[PDB]
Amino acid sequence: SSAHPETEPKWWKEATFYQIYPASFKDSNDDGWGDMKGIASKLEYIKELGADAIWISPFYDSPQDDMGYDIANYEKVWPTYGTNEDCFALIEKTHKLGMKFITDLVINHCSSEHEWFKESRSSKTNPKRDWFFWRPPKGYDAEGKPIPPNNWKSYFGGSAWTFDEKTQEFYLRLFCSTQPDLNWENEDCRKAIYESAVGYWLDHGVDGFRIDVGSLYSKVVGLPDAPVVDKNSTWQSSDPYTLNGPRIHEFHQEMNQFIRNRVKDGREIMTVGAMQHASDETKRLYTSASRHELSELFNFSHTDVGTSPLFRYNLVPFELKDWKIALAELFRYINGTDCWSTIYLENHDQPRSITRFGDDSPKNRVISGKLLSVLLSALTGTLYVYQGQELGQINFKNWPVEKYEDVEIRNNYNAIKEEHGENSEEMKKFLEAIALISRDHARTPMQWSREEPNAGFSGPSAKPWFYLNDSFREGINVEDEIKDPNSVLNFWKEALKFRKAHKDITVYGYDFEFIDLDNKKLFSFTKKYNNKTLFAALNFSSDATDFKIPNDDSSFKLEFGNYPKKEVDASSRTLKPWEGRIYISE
């Protein structure tokens, strides 16, 4: 383990994080929106699951045009969630339970309702004009409408610019129309961002930050028209000019130094960057401890599988190997370095992992949910569990498009309508995809009980902010799963206990090697830690599947799996349907 600097322990390397989506976790006052008192009341549940830390999605004052990711004030809790004091009390309660607390740092962009933008947009001459990206129209079209400065596509569809009538210029918004991008080229802007979004929260005791689209802060000068890579789209991905831009490391080093100098009590701060995509070299530049940038990052290749590179909402075929390789992108690069990795399958931007990567049928949803838990329990990196993942939550079914809340759905729908027609092949493909891929599959209220109609998320008379998934009626809820010894919840409790007990090789294991990489059913690998060897054999299929242990002898003992502990023949070399096994040799 000496030629493996990545094995140096840190609280944040071996912490299991639980991600809370505040709108959808727990309502304490029957207004249909989750809130901080709700979260506080459920911290014991999170601790009992086995979590070491929580990440709460944005709870700051926000119009909710992107459900919190459009922030109007970094220093004020959205009143519907509570007061600032409620938040400080929540941080303290988390701490007093022996858990760490990270907050979501959303500083590529802010709300157009933020005072910075209200000032910026007020004239062309004000001190904050250049805190955002303002450009004149490229020209005017044949109908007299202003043409945006370039061809860039919003992450939510359509143009990445919005026209301001008052000042007669467009402003850049990679996200929704009310999320203007902050101009990191402006040093005064960067310093104000650090003070408000970072310093305030450090002063109030956070243990770290999850950094929203942290790879987007550096725009290539001139904001040039992007390559026309999609021949059936008006607008084009800005990635070459916005993703991992030339100043991105400079900016992350500066922010890291700010954090180091602002902390008052010497505590260890974790940063996890949602960096989206990066070469292995770029990943190392971000997460090498000696670089003083990020602690770790999320890379999205494993959650991209089965979606077109040109458009997330066009489905494409994939095979198990594609997912194996994409998952391994998270962690293989750290081998023999001072870098660190993340491990996750779900977040508030993703559909449910059982639906995507298991089998959500009534027959297989439990066993395949447990299989995914076996996989994640054994992988190197900081593990994240998303609210409801531990219950084996699945995608919702048969929802009409108008039922979806997500601005990502609404804006993409409207762009397709405009470009291709509502009754088009392009629309049909989109509607097919949303049923599998929409962020909204993550966002239906948390299911605490079988109680009609709100599943214990709120009282029975409340109208939830977003519809319940019918799955609560099918036993996917906290109360029913606690009482079922065979539940996905009780299994996740076991998986986290197993991971912690064997943390040297589960959390810090190295020299990851695939076994039978091409296999369309078997996901198998080994890892090392000094004298120890971990071997995984995981059957992602309803068919029985054979496996071999490389250098198989007598030392390989079965330490964890999803089939009944007393019924499994450890010497057998065929996995049952959806069976997973972790063997450890010493």
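Residue numbers here begin at 1 and follow the sequence given.
K.L.:
Where do the C-alpha atoms have the higher mean temperature factor in this entry, in 156 to 164 or in 119 to 127?
P.N.:
Mean C-alpha B-factor is greater for 119 to 127.
K.L.:
On mean C-alpha B-factor from the PDB entry, just flag whether 377 to 385 or 446 to 454 is the higher one.
P.N.:
Averaged over C-alpha atoms, the B-factors run higher in 446 to 454.
K.L.:
Out of 290, 295, 218, 256, whose C-alpha atom has the biggest B factor in the entry?
P.N.:
Among 290, 295, 218, 256, the highest C-alpha B-factor in the entry belongs to 290.
K.L.:
Per the entry's Cα B factor values, which of 208, 369, 460, 273 stands out as the maximum?
P.N.:
Of 208, 369, 460, 273, 460 has the highest C-alpha B-factor.
K.L.:
Tell me, lowest, middle or highest third: where does the Cα B factor of residue 564 rank within its chain?
P.N.:
As the PDB entry reports it, the C-alpha B-factor of residue 564 lands in the highest third of its chain.
K.L.:
What third of the chain, by the recorded C-alpha B-factor, contains residue 419?
P.N.:
For residue 419, the deposited C-alpha B-factor lands in the highest third.
K.L.:
Where does residue 107 sit by CA temperature factor within its chain: lowest, middle or highest third?
P.N.:
Residue 107: CA B-factor falls in the lowest third of its chain.
K.L.:
Within this chain, which third does the Cα B-factor at residue 471 fall in: lowest, middle or highest?
P.N.:
It falls in the middle third of the chain.
K.L.:
Would you please rank residue 27 by its C-alpha temperature factor against the other modelled residues of its chain and give the third it falls in: lowest, middle or highest?
P.N.:
It falls in the middle third of the chain.
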